[PDB]
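Raw contents of protein27.tsv, TSV, C-alpha atoms and all ligand atoms:
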```tsv
chain	number	residue	atom	x	y	z
A	3	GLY	CA	-11.75	5.37	-36.06
A	4	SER	CA	-8.69	5.79	-38.26
A	5	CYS	CA	-6.96	9.08	-37.41
A	6	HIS	CA	-4.46	11.20	-39.32
A	7	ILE	CA	-2.70	14.49	-38.58
A	8	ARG	CA	-3.47	17.39	-40.89
A	9	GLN	CA	-0.89	17.68	-43.69
A	10	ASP	CA	-0.01	20.95	-45.39
A	11	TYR	CA	-1.30	19.62	-48.73
A	12	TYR	CA	-4.84	19.19	-47.31
A	13	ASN	CA	-7.25	21.67	-48.85
A	14	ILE	CA	-10.13	21.62	-46.38
A	15	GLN	CA	-13.07	23.57	-47.80
A	16	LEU	CA	-16.24	22.00	-46.38
A	17	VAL	CA	-17.38	21.72	-42.78
A	18	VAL	CA	-20.59	20.02	-41.63
A	19	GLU	CA	-22.46	20.86	-38.42
A	20	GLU	CA	-22.68	17.70	-36.33
A	21	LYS	CA	-26.36	17.81	-35.35
A	22	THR	CA	-27.98	19.87	-38.12
A	23	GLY	CA	-25.93	18.64	-41.09
A	24	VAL	CA	-25.62	22.18	-42.46
A	25	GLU	CA	-22.73	22.29	-44.93
A	26	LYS	CA	-20.59	25.39	-45.11
A	27	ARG	CA	-17.49	26.61	-46.91
A	28	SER	CA	-14.78	26.81	-44.27
A	29	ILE	CA	-11.28	25.48	-43.69
A	30	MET	CA	-11.85	24.61	-40.04
A	31	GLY	CA	-14.53	22.96	-37.92
A	32	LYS	CA	-15.31	20.11	-35.56
A	33	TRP	CA	-16.31	17.90	-38.53
A	34	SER	CA	-14.53	18.66	-41.82
A	35	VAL	CA	-14.32	16.87	-45.17
A	36	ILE	CA	-10.78	15.48	-45.53
A	37	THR	CA	-9.46	14.19	-48.84
A	38	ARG	CA	-6.23	12.30	-48.28
A	39	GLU	CA	-4.24	11.97	-51.48
A	40	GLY	CA	-5.95	9.53	-53.81
A	41	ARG	CA	-8.46	8.49	-51.13
A	42	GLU	CA	-12.16	9.20	-51.24
A	43	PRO	CA	-13.27	12.25	-49.22
A	44	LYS	CA	-14.38	11.55	-45.65
A	45	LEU	CA	-16.09	13.59	-42.95
A	46	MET	CA	-13.72	13.50	-39.97
A	47	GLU	CA	-13.86	14.70	-36.38
A	48	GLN	CA	-11.16	16.95	-34.94
A	49	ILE	CA	-9.79	15.18	-31.83
A	50	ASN	CA	-7.37	16.40	-29.15
A	51	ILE	CA	-4.16	14.39	-28.79
A	52	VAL	CA	-0.69	14.30	-27.31
A	53	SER	CA	1.93	13.89	-30.03
A	54	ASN	CA	5.72	14.21	-29.81
A	55	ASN	CA	5.29	15.30	-26.19
A	56	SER	CA	3.01	18.21	-27.11
A	57	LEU	CA	-0.71	18.94	-27.29
A	58	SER	CA	-2.00	18.70	-30.85
A	59	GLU	CA	-4.98	17.73	-33.00
A	60	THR	CA	-5.75	14.84	-35.32
A	61	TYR	CA	-8.65	14.00	-37.63
A	62	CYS	CA	-10.61	10.78	-37.09
A	63	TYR	CA	-13.27	9.03	-39.16
A	64	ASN	CA	-15.55	8.67	-36.15
A	65	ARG	CA	-19.16	7.54	-36.13
A	66	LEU	CA	-21.84	10.19	-36.51
A	67	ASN	CA	-25.62	9.80	-36.21
A	68	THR	CA	-26.98	11.60	-39.31
A	69	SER	CA	-30.64	11.09	-38.36
A	70	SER	CA	-31.14	14.76	-37.44
A	71	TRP	CA	-29.76	15.99	-40.77
A	72	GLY	CA	-33.11	15.20	-42.35
A	73	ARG	CA	-31.55	14.50	-45.77
A	74	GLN	CA	-30.73	11.26	-47.51
A	75	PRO	CA	-27.38	10.00	-48.84
A	76	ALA	CA	-26.62	9.20	-52.47
A	77	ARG	CA	-24.91	5.86	-51.75
A	78	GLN	CA	-24.30	3.62	-48.75
A	79	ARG	CA	-22.00	0.75	-47.98
A	80	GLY	CA	-21.80	-2.05	-45.47
A	81	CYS	CA	-20.15	-5.46	-45.18
A	82	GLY	CA	-18.03	-4.91	-48.28
A	83	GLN	CA	-20.63	-3.71	-50.78
A	84	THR	CA	-21.47	-0.19	-51.98
A	85	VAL	CA	-24.97	0.48	-53.34
A	86	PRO	CA	-27.08	3.39	-54.59
A	87	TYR	CA	-29.46	4.74	-51.97
A	88	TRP	CA	-33.08	3.86	-52.71
A	89	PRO	CA	-35.88	5.32	-50.54
A	90	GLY	CA	-36.93	2.75	-47.97
A	91	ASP	CA	-33.36	1.57	-47.32
A	92	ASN	CA	-32.19	1.26	-43.72
A	93	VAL	CA	-29.03	3.03	-42.52
A	94	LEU	CA	-25.88	1.05	-43.34
A	95	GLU	CA	-22.32	1.28	-41.96
A	96	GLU	CA	-21.33	4.33	-44.03
A	97	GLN	CA	-23.25	6.98	-45.99
A	98	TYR	CA	-22.07	9.04	-49.01
A	99	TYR	CA	-23.62	12.49	-49.40
A	100	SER	CA	-23.75	14.09	-52.80
A	101	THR	CA	-21.69	17.20	-52.08
A	102	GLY	CA	-19.03	14.55	-51.84
A	103	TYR	CA	-18.05	12.78	-48.66
A	104	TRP	CA	-18.39	9.50	-46.79
A	105	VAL	CA	-19.79	9.54	-43.24
A	106	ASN	CA	-19.12	6.79	-40.70
A	107	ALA	CA	-22.76	6.01	-39.92
A	108	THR	CA	-24.64	4.22	-37.16
A	109	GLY	CA	-26.20	1.37	-39.15
A	110	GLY	CA	-25.29	-2.17	-40.14
A	111	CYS	CA	-25.77	-4.44	-43.13
A	112	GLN	CA	-29.55	-4.97	-42.99
A	113	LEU	CA	-30.71	-3.05	-46.08
A	114	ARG	CA	-34.44	-3.79	-45.65
A	115	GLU	CA	-36.34	-5.87	-43.10
A	116	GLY	CA	-34.95	-9.39	-43.34
A	117	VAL	CA	-32.71	-8.44	-46.29
A	118	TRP	CA	-28.96	-8.16	-45.75
A	119	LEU	CA	-26.31	-6.77	-48.07
A	120	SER	CA	-24.04	-9.81	-47.94
A	121	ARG	CA	-21.35	-10.90	-50.37
A	122	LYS	CA	-22.18	-14.53	-49.55
A	123	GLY	CA	-25.92	-14.08	-50.17
A	124	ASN	CA	-28.29	-16.00	-52.39
A	125	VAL	CA	-29.86	-13.23	-54.53
A	126	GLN	CA	-27.96	-11.32	-57.25
A	127	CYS	CA	-29.52	-8.14	-58.61
A	128	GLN	CA	-28.71	-4.61	-59.73
A	129	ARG	CA	-29.54	-1.01	-58.91
A	130	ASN	CA	-29.13	1.44	-61.78
A	131	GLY	CA	-26.46	-0.77	-63.35
A	132	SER	CA	-24.64	-1.37	-60.06
A	133	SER	CA	-24.42	-5.03	-59.08
A	134	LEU	CA	-25.12	-6.32	-55.58
A	135	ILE	CA	-25.81	-9.55	-53.73
A	136	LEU	CA	-28.42	-9.91	-50.99
A	137	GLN	CA	-29.10	-12.48	-48.30
A	138	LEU	CA	-32.81	-12.96	-47.63
A	139	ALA	CA	-34.61	-14.04	-44.47
A	146	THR	CA	-42.95	-13.78	-49.63
A	147	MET	CA	-40.00	-11.39	-49.67
A	148	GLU	CA	-39.76	-8.27	-51.80
A	149	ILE	CA	-36.42	-7.93	-53.57
A	150	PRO	CA	-35.39	-4.21	-53.32
A	151	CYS	CA	-33.50	-4.14	-56.64
A	152	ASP	CA	-33.93	-5.05	-60.30
A	153	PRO	CA	-33.11	-8.22	-62.27
A	154	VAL	CA	-29.78	-8.50	-64.00
A	155	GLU	CA	-31.48	-9.43	-67.28
A	156	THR	CA	-32.09	-6.38	-69.44
B	201	LIG	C1	-16.52	4.33	-37.25
B	201	LIG	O1	-16.09	5.01	-36.08
B	201	LIG	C2	-15.92	4.15	-34.95
B	201	LIG	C3	-15.58	5.05	-33.79
B	201	LIG	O2	-16.58	6.05	-33.62
B	201	LIG	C4	-14.84	3.12	-35.25
B	201	LIG	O3	-14.68	2.23	-34.15
B	201	LIG	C5	-15.21	2.34	-36.50
B	201	LIG	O4	-14.15	1.45	-36.83
B	201	LIG	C6	-15.48	3.29	-37.66
B	201	LIG	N1	-15.95	2.55	-38.83
B	201	LIG	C7	-15.37	2.65	-40.03
B	201	LIG	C8	-16.00	1.84	-41.12
B	201	LIG	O5	-14.39	3.35	-40.22
B	202	LIG	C1	-29.83	8.52	-33.93
B	202	LIG	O1	-30.65	9.57	-33.45
B	202	LIG	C2	-32.04	9.33	-33.70
B	202	LIG	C3	-32.80	10.45	-33.01
B	202	LIG	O2	-32.65	11.67	-33.71
B	202	LIG	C4	-32.45	7.94	-33.22
B	202	LIG	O3	-32.73	7.11	-34.34
B	202	LIG	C5	-31.36	7.31	-32.35
B	202	LIG	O4	-31.25	8.03	-31.13
B	202	LIG	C6	-30.00	7.30	-33.05
B	202	LIG	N1	-29.82	6.07	-33.81
B	202	LIG	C7	-28.94	5.13	-33.47
B	202	LIG	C8	-28.88	3.93	-34.37
B	202	LIG	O5	-28.22	5.24	-32.48
B	203	LIG	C1	-32.73	3.49	-60.39
B	203	LIG	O1	-33.74	2.62	-60.96
B	203	LIG	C2	-35.04	2.78	-60.36
B	203	LIG	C3	-35.94	1.72	-60.96
B	203	LIG	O2	-35.32	1.05	-62.05
B	203	LIG	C4	-35.53	4.20	-60.60
B	203	LIG	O3	-36.82	4.36	-60.01
B	203	LIG	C5	-34.54	5.19	-60.01
B	203	LIG	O4	-34.95	6.52	-60.33
B	203	LIG	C6	-33.14	4.95	-60.58
B	203	LIG	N1	-32.18	5.85	-59.95
B	203	LIG	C7	-31.52	6.79	-60.63
B	203	LIG	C8	-30.56	7.62	-59.83
B	203	LIG	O5	-31.68	6.96	-61.84
```

Would you give me this structure, written as structure tokens?
Ligand SMILES: *[C@@H]1O[C@H](CO)[C@@H](O)[C@H](O)[C@H]1NC(C)=O
Ligand SMILES: *[C@@H]1O[C@H](CO)[C@@H](O)[C@H](O)[C@H]1NC(C)=O
Ligand SMILES: *[C@@H]1O[C@H](CO)[C@@H](O)[C@H](O)[C@H]1NC(C)=O
Amino acid sequence: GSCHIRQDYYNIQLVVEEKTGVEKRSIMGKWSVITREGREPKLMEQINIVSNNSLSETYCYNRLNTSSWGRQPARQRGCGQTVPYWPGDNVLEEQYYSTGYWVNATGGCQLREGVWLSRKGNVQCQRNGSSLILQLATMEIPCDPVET
């Protein structure tokens, strides 16, 4: 994905084990939470590079299969919409875990069977105050009406 060299202002404090998803306090690891200035924190993979004619490292927002972590995210996003995670949801393009980081995930934009998170969709609803629009393929609507 998008890659960026470590800058001296980075304060890396959280590393996540790739397969187990164990979080630990550490400044250094294969997958570390990187917070670029102003940007939202992201779990990024340390990657070996050549740069200015020398061997070096960069940090890339690469895809990671979180299935083996055995723990659910707090939010997900896909196709230009960000939504609260509700149990029963499929895996979307990215997953936000509550300690505080986005993960580039292995899913798409199908939120439930036959139900896509699509900005051009035909159903408007909300989850815990957060608005979203769905495209449907009876069909259960996995969200609440906008009327209070
Ligand atoms: C996720 O990572 C893959 C490479 O593993 C990259 O091609 C893709 O663009 C990334 N997705 C996002 C949303 O950054
Ligand atoms: C992620 O790993 C799990 C097995 O633990 C399985 O769903 C599959 O191999 C992977 N999922 C995707 C979408 O690649
Ligand atoms: C969001 O709303 C649903 C139903 O209205 C509720 O079951 C769920 O607990 C709410 N989520 C949070 C984080 O409050």

Q) Using all atoms listed in the file, which of the listed residues (A:87, A:11, A:103, A:98) sits closest to residue 151 (chain A)? A)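 So, comparing all the options, the nearest one is A:87.
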
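The two atoms in question, atom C5 of ligand LIG 203 (chain B) and CA of residue 109 (chain A), are spaced 22.8 Å apart.
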
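Comparing A:5, A:111, A:125, A:62 by their smallest distance to residue 32 (chain A), the closest is A:62 (using all atoms listed in the file).
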
Neighbours of residue 88 (chain A) within 12 Å (all atoms listed in the file; same-chain residues fewer than 6 positions away dropped), as a PDB file with C-alpha atoms, in the coordinates of the input?
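Output below, filename result_12.pdb:
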```pdb
ATOM      1  CA  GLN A  74     -30.730  11.260 -47.510  1.00  0.00           C
ATOM      2  CA  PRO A  75     -27.380  10.000 -48.840  1.00  0.00           C
ATOM      3  CA  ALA A  76     -26.620   9.200 -52.470  1.00  0.00           C
ATOM      4  CA  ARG A  77     -24.910   5.860 -51.750  1.00  0.00           C
ATOM      5  CA  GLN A  78     -24.300   3.620 -48.750  1.00  0.00           C
ATOM      6  CA  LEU A 113     -30.710  -3.050 -46.080  1.00  0.00           C
ATOM      7  CA  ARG A 114     -34.440  -3.790 -45.650  1.00  0.00           C
ATOM      8  CA  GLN A 128     -28.710  -4.610 -59.730  1.00  0.00           C
ATOM      9  CA  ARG A 129     -29.540  -1.010 -58.910  1.00  0.00           C
ATOM     10  CA  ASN A 130     -29.130   1.440 -61.780  1.00  0.00           C
ATOM     11  CA  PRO A 150     -35.390  -4.210 -53.320  1.00  0.00           C
ATOM     12  CA  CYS A 151     -33.500  -4.140 -56.640  1.00  0.00           C
ATOM     13  CA  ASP A 152     -33.930  -5.050 -60.300  1.00  0.00           C
TER      14      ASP A 152
END
```

Q.
Nearest residue to ligand LIG 201 (chain B) out of A:28, A:69, A:108, A:55, using all atoms listed in the file?
A.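 Closest to ligand LIG 201 (chain B) of all the choices is A:108.
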
Per residue of chain A within 9 Å of ligand LIG 202 (chain B), which atom pair is closest and at what distance in Å (one decimal), using all atoms listed in the file, listed by chain and increasing number, as CSV?
```
residue,atom,partner,partner_atom,distance
A:21,CA,B:LIG202,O2,8.9
A:66,CA,B:LIG202,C1,8.6
A:67,CA,B:LIG202,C1,5.0
A:68,CA,B:LIG202,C1,6.8
A:69,CA,B:LIG202,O2,5.1
A:70,CA,B:LIG202,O2,5.1
A:71,CA,B:LIG202,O2,8.8
A:93,CA,B:LIG202,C8,8.2
A:107,CA,B:LIG202,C8,8.5
A:108,CA,B:LIG202,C8,5.1
A:109,CA,B:LIG202,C8,6.0
```

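From CA of residue 26 (chain A) back to CA of residue 59 (chain A), the distance works out to 21.2 Å.
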
Q: State, in Å with one decimal place, the distance from CA of residue 100 (chain A) to CA of residue 154 (chain A).
A: 25.9 Å

Q) Please, which residues have at least one atom within 10 Å of an atom of ligand LIG 201 (chain B), using all atoms listed in the file, listed as a ChimeraX atom specification? A) /A:3-5,44,46-47,62-66,79-81,95-96,104-108

Test item: axis-aligned box, all listed atoms of region 108-120 of chain A, 6 Å on each side, centre and edges in Å rounded to one decimal, as AutoDock Vina command-line options:
```
--center_x -30.2 --center_y -2.8 --center_z -42.6 --size_x 24.3 --size_y 26.0 --size_z 22.9
```

Q. Quick one: residues within 9 Å of residue 132 (chain A), only C-alpha atoms counted, chain neighbours fewer than 5 positions away excluded, as a list in words?
A. residues 84, 85, 86 and 127 of chain A

Q: List every protein, DNA or RNA residue that has an atom no more than 9 Å from (-37.5, -11.2, -43.8) in the file's coordinate frame, counting only C-alpha atoms, and report them as a list in words.
A: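 Final list of nearby residues, as requested, is residues 114, 115, 116, 117, 138, 139, 146, 147 and 148 of chain A.
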
Selected residues, C-alpha atoms, written as a PDB file, in the coordinates of the input, please.
```
ATOM      1  CA  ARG A 114     -34.440  -3.790 -45.650  1.00  0.00           C
ATOM      2  CA  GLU A 115     -36.340  -5.870 -43.100  1.00  0.00           C
ATOM      3  CA  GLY A 116     -34.950  -9.390 -43.340  1.00  0.00           C
ATOM      4  CA  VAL A 117     -32.710  -8.440 -46.290  1.00  0.00           C
ATOM      5  CA  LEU A 138     -32.810 -12.960 -47.630  1.00  0.00           C
ATOM      6  CA  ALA A 139     -34.610 -14.040 -44.470  1.00  0.00           C
ATOM      7  CA  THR A 146     -42.950 -13.780 -49.630  1.00  0.00           C
ATOM      8  CA  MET A 147     -40.000 -11.390 -49.670  1.00  0.00           C
ATOM      9  CA  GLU A 148     -39.760  -8.270 -51.800  1.00  0.00           C
TER      10      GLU A 148
END
```

Output file request: region 110-137 of chain A, with N, CA and C atoms, as a short mmCIF file (atom, residue, chain, number, x, y, z; two decimals), in the first residue's frame.
```cif
data_model
loop_
_atom_site.label_atom_id
_atom_site.label_comp_id
_atom_site.auth_asym_id
_atom_site.auth_seq_id
_atom_site.Cartn_x
_atom_site.Cartn_y
_atom_site.Cartn_z
N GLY A 110 -14.51 -6.60 1.41
CA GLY A 110 -14.98 -5.70 0.37
C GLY A 110 -16.03 -4.74 0.90
N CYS A 111 -17.08 -4.56 0.11
CA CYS A 111 -18.15 -3.64 0.48
C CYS A 111 -19.48 -4.34 0.74
N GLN A 112 -19.51 -5.67 0.73
CA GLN A 112 -20.74 -6.39 1.06
C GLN A 112 -20.84 -6.50 2.58
N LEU A 113 -21.76 -5.74 3.18
CA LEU A 113 -21.85 -5.66 4.64
C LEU A 113 -22.59 -6.85 5.24
N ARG A 114 -23.64 -7.30 4.57
CA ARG A 114 -24.39 -8.52 4.88
C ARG A 114 -24.70 -9.17 3.55
N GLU A 115 -25.23 -10.39 3.59
CA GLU A 115 -25.53 -11.11 2.35
C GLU A 115 -26.51 -10.31 1.50
N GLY A 116 -26.07 -9.94 0.30
CA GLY A 116 -26.91 -9.19 -0.61
C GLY A 116 -27.12 -7.74 -0.23
N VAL A 117 -26.30 -7.20 0.67
CA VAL A 117 -26.44 -5.84 1.19
C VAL A 117 -25.08 -5.17 1.10
N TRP A 118 -24.95 -4.18 0.23
CA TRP A 118 -23.68 -3.50 0.03
C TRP A 118 -23.72 -2.11 0.65
N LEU A 119 -22.58 -1.71 1.19
CA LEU A 119 -22.38 -0.35 1.68
C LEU A 119 -21.97 0.46 0.47
N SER A 120 -22.93 1.20 -0.10
CA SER A 120 -22.74 1.87 -1.38
C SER A 120 -23.33 3.27 -1.31
N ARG A 121 -22.51 4.27 -1.66
CA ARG A 121 -22.96 5.65 -1.58
C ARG A 121 -24.08 5.94 -2.57
N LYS A 122 -24.21 5.12 -3.61
CA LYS A 122 -25.26 5.28 -4.61
C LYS A 122 -26.48 4.41 -4.33
N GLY A 123 -26.58 3.83 -3.14
CA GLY A 123 -27.61 2.85 -2.84
C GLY A 123 -28.98 3.45 -2.61
N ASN A 124 -29.95 2.55 -2.41
CA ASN A 124 -31.35 2.94 -2.38
C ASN A 124 -31.96 2.95 -0.98
N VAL A 125 -31.20 2.60 0.06
CA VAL A 125 -31.72 2.59 1.43
C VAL A 125 -30.84 3.49 2.29
N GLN A 126 -31.46 4.46 2.97
CA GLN A 126 -30.77 5.33 3.92
C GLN A 126 -31.16 4.91 5.33
N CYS A 127 -30.18 4.78 6.21
CA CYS A 127 -30.50 4.39 7.59
C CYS A 127 -29.40 4.91 8.51
N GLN A 128 -29.44 4.51 9.77
CA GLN A 128 -28.43 4.96 10.71
C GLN A 128 -28.06 3.84 11.66
N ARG A 129 -26.84 3.91 12.17
CA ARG A 129 -26.36 3.06 13.24
C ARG A 129 -25.84 3.96 14.35
N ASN A 130 -26.52 3.94 15.49
CA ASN A 130 -26.07 4.69 16.65
C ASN A 130 -25.76 6.14 16.28
N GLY A 131 -26.68 6.75 15.53
CA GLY A 131 -26.55 8.13 15.10
C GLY A 131 -25.74 8.34 13.84
N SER A 132 -24.98 7.35 13.41
CA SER A 132 -24.12 7.47 12.24
C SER A 132 -24.92 7.11 10.99
N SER A 133 -24.90 7.99 10.00
CA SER A 133 -25.71 7.77 8.80
C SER A 133 -24.97 6.87 7.82
N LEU A 134 -25.74 6.10 7.05
CA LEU A 134 -25.15 5.27 6.01
C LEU A 134 -26.20 5.00 4.94
N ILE A 135 -25.73 4.57 3.78
CA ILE A 135 -26.60 4.25 2.65
C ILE A 135 -26.24 2.86 2.18
N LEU A 136 -27.25 2.03 1.96
CA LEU A 136 -27.05 0.66 1.54
C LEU A 136 -27.65 0.44 0.17
N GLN A 137 -27.10 -0.53 -0.55
CA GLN A 137 -27.67 -1.04 -1.79
C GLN A 137 -28.11 -2.47 -1.53
#
```
